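Here the sequence shown stands for residues 4 to 39, 49 to 126, where the numbers follow the deposited numbering.
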Amino acid sequence: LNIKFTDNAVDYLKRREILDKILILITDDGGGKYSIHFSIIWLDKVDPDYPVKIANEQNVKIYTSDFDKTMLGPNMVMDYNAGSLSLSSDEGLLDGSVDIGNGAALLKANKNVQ
């Protein structure tokens, strides 16, 4: 797995102050712990449940899981335009409106509602 972020995607991640964070790319079928198709989850430390590194030449610490990698594609590109993050590969568009979520916040709320 490898990925590249366009200039607009990089700028955006920067405006959101998360380009330097631990990023987790996963499918969001409502079943994972980081729910709310794909989304970018950011953390401050690595999550052992998502150990697989997605190679890139932009120094981005981005990960995924063995389960999520089967739905990702070869030579992925993350772009930003029309106000949304979009993920694609050599096979085509994967998701034109990728969401971003604060991982810790997600878990915290998950815990409190319970």
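Backbone N, C-alpha and C fix where the C-beta goes; we use that ideal spot for every residue, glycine too.
Beta carbon of residue i nearer than 8 Å to that of residue j
| i | j | result |
| --- | --- | --- |
| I39 | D59 | no |
| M83 | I6 | no |
| residue 3 | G108 | As shown, the chain starts at 4 and ends at 126. That puts residue 3 outside it, with no answer to give. |
| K24 | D56 | yes |
| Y75 | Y15 | no |
| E69 | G85 | no |
| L118 | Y37 | yes |
Under the three-state DSSP convention, the category residue i falls into
| i | result |
| --- | --- |
| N114 | strand |
| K73 | strand |
| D10 | helix |
Assigned exposure category for residue i - 16 Cβ within 10 Å defines buried
| i | result |
| --- | --- |
| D80 | buried |
| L97 | buried |
Nearest candidate by alpha-carbon position, reference residue i, set the options
| i | options | result |
| --- | --- | --- |
| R19 | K36, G95, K57 and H49 | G95 |
| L22 | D78, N122 and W54 | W54 |
| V110 | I29, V72 and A116 | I29 |
| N11 | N124, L99, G104 and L119 | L99 |
| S77 | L26, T9 and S101 | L26 |
| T9 | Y62, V72 and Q126 | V72 |
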